[PDB]
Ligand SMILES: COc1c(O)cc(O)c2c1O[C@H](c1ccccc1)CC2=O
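Before any questions on binding or motion, here is one chain by itself as structure tokens, the form solved without S-Dihydrowogonin (CU5).
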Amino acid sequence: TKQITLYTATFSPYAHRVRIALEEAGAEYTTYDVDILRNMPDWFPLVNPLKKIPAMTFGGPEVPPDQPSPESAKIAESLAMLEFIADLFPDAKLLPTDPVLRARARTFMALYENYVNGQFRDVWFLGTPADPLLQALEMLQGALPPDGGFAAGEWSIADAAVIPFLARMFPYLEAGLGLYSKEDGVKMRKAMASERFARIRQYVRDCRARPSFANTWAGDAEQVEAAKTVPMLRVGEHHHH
């Protein structure tokens, strides 16, 4: 019965995580776009003082999202939101019930956060060399069950945490968006198409085929256009060597 409002932005993989989870949960919820990188509304720090998307309000009186209530719980940090949605909707089985399988999900989310995400950021925002990112992606790929399935076997929030980033990689590379050079772009495109990365390609197809992805993705071309609005992606700019 308690309302959920998610403050979102199409470009944001962090917001995308939470939309996927809410879809998989069958939740009733509102989304409200915020132009966080270019024109943040003066009320936005009332929902998230960190001034980041996503933000979430929970409960309180039903109010317009641009008039947030002080009575709603304010929840920050996308991974905390994923665990919250799992806790709110236990019948949706957004995590396994077995402790070891649950730990596979948590480990996969930590491997992504601690080893992969920062490599994506370095390559895309600074144009650092692509090899350490490919190495990190090969490590993450090796944590998947080789013969098929999601991170913990059955789909879980671990897959919501990771697919937004992997799904953006392919179309962003095809558009040449990000500070890496053409040489490294070609290298990453060839690597991600090679047998070395067949398993992570299967993973991306499997996550993308679910309605939770279809219903929260604008389309590859539209997602690229939204990403070009991100100041830190510096459309038209590339660093070399």
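The first residue of the shown sequence is 1; numbering continues from there. Rigid core (definition): largest C-alpha set, two forms, superposition within 1.5 Å.
Novice: Using RMS Cα distance over all structures and residues, flag whichever of 211 to 219 and 35 to 43 lies farther from this form in 8 other deposited structures of this protein after a core fit.
Specialist: With the rigid core fitted, 35 to 43 is the stretch that strays more in 8 other deposited structures of this protein.
Novice: Which segment is farther from the shown form on average in 8 other deposited structures of this protein after a rigid core fit, 227 to 235 or 7 to 15, going by CA atoms?
Specialist: Of the two stretches, the larger average C-alpha offset in 8 other deposited structures of this protein falls on 227 to 235.
Novice: Pick between 195 to 203 and 64 to 72: the one whose mean CA B-factor in the entry is higher.
Specialist: Result of the comparison: 64 to 72.
Novice: Would 49 to 57 or 174 to 182 have the larger average of its C-alpha temperature factors, as given in the entry?
Specialist: The deposited B-factors put 174 to 182 ahead on the C-alpha mean.
Novice: Among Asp159, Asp91, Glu77, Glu113, which carries the highest Cα B-factor?
Specialist: Out of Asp159, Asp91, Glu77, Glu113, the record gives the largest C-alpha B-factor to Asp91.
Novice: Would you mind finding, among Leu95, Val100, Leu144, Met109, the residue with the largest C-alpha temperature factor in the entry?
Specialist: Highest C-alpha B-factor among the listed options: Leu144.
Novice: Please place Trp43 in the lowest, middle or highest third of its chain according to the CA B-factor in the PDB entry.
Specialist: Top third by C-alpha B-factor.
Novice: In terms of the CA temperature factor given in the entry, to which third of its chain does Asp131 belong: lowest, middle or highest?
Specialist: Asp131: CA B-factor falls in the highest third of its chain.
Novice: Sorting the chain's modelled residues by C-alpha B-factor, tell me whether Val224 ends up in the lowest, middle or highest third.
Specialist: For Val224, the deposited C-alpha B-factor lands in the middle third.
Novice: Among the modelled residues of its chain, does the C-alpha B-factor of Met232 lie in the lowest, middle or highest third?
Specialist: Its C-alpha B-factor belongs to the highest third of this chain's values.
One more form of this protein, deposited with S-Dihydrowogonin (CU5) bound, exists but is not displayed; see below.
Novice: Find out whether any non-hydrogen atom of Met169 is located within 4.5 angstroms of S-Dihydrowogonin (CU5) in the entry with it bound, and reply yes or no.
Specialist: Contact check for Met169: yes, within 4.5 Å of S-Dihydrowogonin (CU5) in the entry with it bound.
Novice: Quick one: does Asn117 come within 4.5 Å of S-Dihydrowogonin (CU5) in the entry with it bound, counting heavy atoms only?
Specialist: Close contact exists here: in the entry with it bound, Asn117 approaches S-Dihydrowogonin (CU5) to within 4.5 Å, heavy atoms only.
Novice: I'd like to know if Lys93 sits close to S-Dihydrowogonin (CU5) in the entry with it bound, meaning any non-hydrogen atom pair within 4.5 angstroms.
Specialist: Judged by the heavy-atom cut-off of 4.5 Å, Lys93 is well away from S-Dihydrowogonin (CU5) in the entry with it bound.
Novice: Although the partner isn't part of this model, could you tell me whether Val230 comes within 4.5 Å of S-Dihydrowogonin (CU5) in the entry with it bound, counting any heavy atom of the residue?
Specialist: Yes, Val230 sits close enough to S-Dihydrowogonin (CU5) in the entry with it bound that at least one of its heavy atoms falls within 4.5 Å.
Novice: Out of 121 to 129, 144 to 152, 82 to 90, 100 to 108, where are the residues with a heavy atom within 4.5 Å of S-Dihydrowogonin (CU5) in the entry with it bound?
Specialist: Of the stretches listed, the one contacting the partner is 121 to 129.
Novice: If we check S-Dihydrowogonin (CU5) in the entry with it bound, which of the residues in 1 to 27 reach within 4.5 angstroms of it by a non-hydrogen atom?
Specialist: If the 4.5 Å heavy-atom criterion is applied to S-Dihydrowogonin (CU5) in the entry with it bound, 1 to 27 yields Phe11, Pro13, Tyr14.
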